[PDB]
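Just so you know, structure 1 and structure 2 below are the same protein chain in two forms, each on its own as structure tokens.
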Structure 1
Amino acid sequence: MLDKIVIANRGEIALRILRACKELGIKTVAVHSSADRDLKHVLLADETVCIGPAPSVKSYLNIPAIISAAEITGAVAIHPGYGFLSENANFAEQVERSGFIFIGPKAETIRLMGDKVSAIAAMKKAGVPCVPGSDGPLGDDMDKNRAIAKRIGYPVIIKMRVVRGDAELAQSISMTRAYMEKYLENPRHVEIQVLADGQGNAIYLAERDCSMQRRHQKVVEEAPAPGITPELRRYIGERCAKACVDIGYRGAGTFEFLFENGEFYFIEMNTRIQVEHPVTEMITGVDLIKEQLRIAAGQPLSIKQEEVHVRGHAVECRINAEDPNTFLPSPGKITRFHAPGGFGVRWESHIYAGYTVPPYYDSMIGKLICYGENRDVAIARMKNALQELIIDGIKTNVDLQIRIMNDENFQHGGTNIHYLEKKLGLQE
């Protein structure tokens, strides 16, 4: 076990990491911006270091400042959390080069997956399903061209016009010039959790559905994904796990796919922990942060795939300080706060009564996660929980969350990536 580590992050995720550390007896060092002196985790850490002024560029994105805090404290490793420098290669490189342990994949691995090109290339070489297309630009031979569209399967997209049958091809292409790709009108956002030890072992931890989005930002997450069967689960899961090995992946990562008509289409890989990891912990019982830490300590993968069992259902609602009708950040002082409690209710947040939400950072202030033996139960608990939560002083999206829980479509399951914006009338 790692003796002591630096938590290069803030807010919710910093507190989540802190608890994992404490459970394993790892000392913690909280680096913070002058404006986060009062963060809950800061108050609970073994040591603290002010790394700069408020602005992330000056604090949280200040590499030298974080490396230094590692060095002066005698820390052995650094945990980037999510966001910030978690997917910054330079950072990782430096960390190691500086003699520290980066709690994530290798910098090479990040570069690899960081670039969309190298990424799909690797995924195809790996056997992971990517979006089908022309495989290079198209020409004049519409006798030819139409042959590939057939192969692709309408509807197709010329890139950007959409075509559905032979007929509209010609003009479509012609008025376009003025590549081809398979078109996914109503897909779901399905992503797979993986863990690899760098030592050749890799397992997948089922999937999560994150279709409820606004501006390409996940608002509600759930696991497992409704409609996904074991075979489908196994097919994709195995493939993701194989890819890990192929690319020499180390740590926790997520393969995100678009899902439609029983098929998956690789979008990207997050080479780090995600916001929504808790839903997976609930249905599998695996603590993902602890595994991260173990893998970092050079330990082999403790879990065997056949040991990974999905039970029950879990839902996550992100709680943000923002005006629910403008969607404008809503920084401020929380005057009154009451967290929900009970069987199957998990609350992940650094906020407390009298805490002031700075304006400098992102608007997510907490995550509420409910688990049940089934989806209906999970949902029912969520509703209750949302009603117990109190957060006064600022505007939040609690009411919206409650409206989603109350949506028939949501309750039935299977809504697509467009539903939310559409339900809100964000299509205009």
Structure 2
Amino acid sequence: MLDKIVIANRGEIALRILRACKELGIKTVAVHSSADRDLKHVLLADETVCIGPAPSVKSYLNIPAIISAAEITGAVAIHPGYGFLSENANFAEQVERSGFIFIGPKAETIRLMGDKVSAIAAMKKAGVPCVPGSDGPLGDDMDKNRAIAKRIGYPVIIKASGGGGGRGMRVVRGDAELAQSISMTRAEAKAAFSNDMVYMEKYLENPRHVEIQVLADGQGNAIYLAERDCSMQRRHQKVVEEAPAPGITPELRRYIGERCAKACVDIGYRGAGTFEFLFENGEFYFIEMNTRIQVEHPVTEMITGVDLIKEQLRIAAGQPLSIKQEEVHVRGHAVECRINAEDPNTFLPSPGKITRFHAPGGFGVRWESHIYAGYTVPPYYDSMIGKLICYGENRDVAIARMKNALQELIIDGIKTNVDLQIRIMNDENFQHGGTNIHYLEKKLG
């Protein structure tokens, strides 16, 4: 087992990782900004290192500082969590070049998945179903581009290769808008990603967002751990996630899961990863892969019993997966509600000091958060301050438990989305299940 690791993150995920480390007897180093001295996981860590002032650029994105902290403490590995540097291939490369273990895939794999065009080509080659599309970057020849659009059939969508997570894309419904749409997506991609490469896909009007969790070790084992529906979202920000995905049969699960695990083997994948699909009219279409552990991982843990962070750490130490595919069984149902410090009317971040706090409890209730009474939510970081995950023997029990748990949750002193989450749990279409990626925005409007 890894002797000591740096937790190169903050907030709830840093605490999640610290818990996994403690369970495994791994020493912890909490690197933190000067604004984050009183984070729960910082206070629980074996060693702490202040790596910079509040703004992320000089702390949680500060590569030299994070690597120096690993050097000075005698740490052997760095877990990037999610966000920040978790999908930064150059960081992963520098970490490994510096002699430390990066808890993630090989840097080349991170780079591959960060290049949406090359990722699609790799997945398509491996036998994973992808969205009908250009199968390559679009050039400047608008006769050729119209031809590609005709072949796919309108509506189409132009996406940035260096983009992802719903960012850097626009829908085109005919020839008249194609040139300008490509031109604009390209300009925006160059500005945001210093990469003006773009591609085309068939636009799917009302899909669900369904993603498959995988784990792969360095011994050649690769497994899938069912799926998550993350369709309840607002402006490419997930709000509620659940597992398994309603209406997905064990036969479909098996079909798509096996293809994802096959692709892992083909590409030499290692660690945790997520294959994102659009799911419409009973069909899966791969859009992108994430190499990090994600915010929504806990719902998968609840329905499979696999501790995904512990598996990450085991894999990095050179241990094989703790479970075989024939041992993975979907049992019950789990729902996650993200808890955000945000104003209900503007949806802008609402930082400040928490004056009263109470967490829910009971059977099937899991609360993932660093917050406590008297804790100040800083303005410098993301608005998500916690995750409430409820598990049941079925979806209706999970939802019932979530409603009860949301009613117990007290967070005074700041504005939160608890009321919104209660409305979602009480929503009759959500209660039916299978609502699409556009539902929440329509409901709110």
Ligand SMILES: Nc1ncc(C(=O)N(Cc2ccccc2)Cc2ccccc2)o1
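Throughout, rigid core stands for the largest set of C-alpha atoms superposing within 1.5 Å between the two forms. Residue positions are counted from 1 along structure 1's sequence.
Source of structure 1: the form deposited without the ligand.
When one rigid part swings against the other between structures 1 and 2, the hinge lies at 185 among 185, 393, 146, 298. Rigid-body analysis of C-alpha superpositions between structures 1 and 2 gives a rotation of the smaller part of 47 degrees. Core superposition places the C-alpha of residue 199 2.4 Å apart between structures 1 and 2. A C-alpha shift of 1.1 Å is found for residue 117 between structures 1 and 2, based on superposition of the rigid core. Once the rigid core is matched between structures 1 and 2, the CA atom of residue 153 is found 7.9 Å away.
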